[PDB]
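Here we start with a single chain on its own, the form deposited in one PDB entry, put down as structure tokens.
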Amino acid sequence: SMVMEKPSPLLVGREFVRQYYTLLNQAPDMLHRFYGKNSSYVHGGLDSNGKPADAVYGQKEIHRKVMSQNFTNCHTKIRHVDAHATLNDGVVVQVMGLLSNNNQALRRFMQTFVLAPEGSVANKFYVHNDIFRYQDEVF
């Protein structure tokens, strides 16, 4: 039946971004599966000092943190996506859009991903890196 699509950096970035924000919205308790043992995650926050928050590693830690940011009916407008080939056939993705959570206000986000080859299955990738910052928190 259907022959496989080539892993075009832009196609991998576009396909991964629709899943990411679809599953964030419809099922954030699953969002931990995009990630691996090694993976790195940070998603806004202003720690006690009032500065941007620290990051965590691996599925369990990431899940922990995802469940702690209670995502209810989280809507996403995505206003641009850039995806480039990076090391070891990995794809680096720059995402700019707005995220409203719990029908609170649509805040603008800057967000870097790195998708890595998964090694076992063709056209399969894992989210090595997930840097998400809100702009109001920084400017």
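Sequential numbering from 1, following the sequence displayed. Basically, rigid core = biggest C-alpha set you can superpose within 1.5 Å across the two forms. Only residues modelled in both forms are compared.
Although not depicted, the form deposited in another entry is the subject of the following passage.
Comparing the two forms between the shown form and the other one on the rigid core, the single residue of 48, 73, 68, 88 with a CA shift of 2 Å or greater is 48. One change in that other deposited form concerns residue 47 and residue 29, whose Cα atoms lie at least 3 Å closer than in this form.
Cα of residue 49 to Cα of residue 59: at least 3 Å shorter in that other deposited form than in the shown structure. Once both forms are overlaid on their core, the residue ranges between the shown form and the other one with Cα shifts reaching 2 Å in three or more consecutive positions are 43 to 45, 47 to 52.
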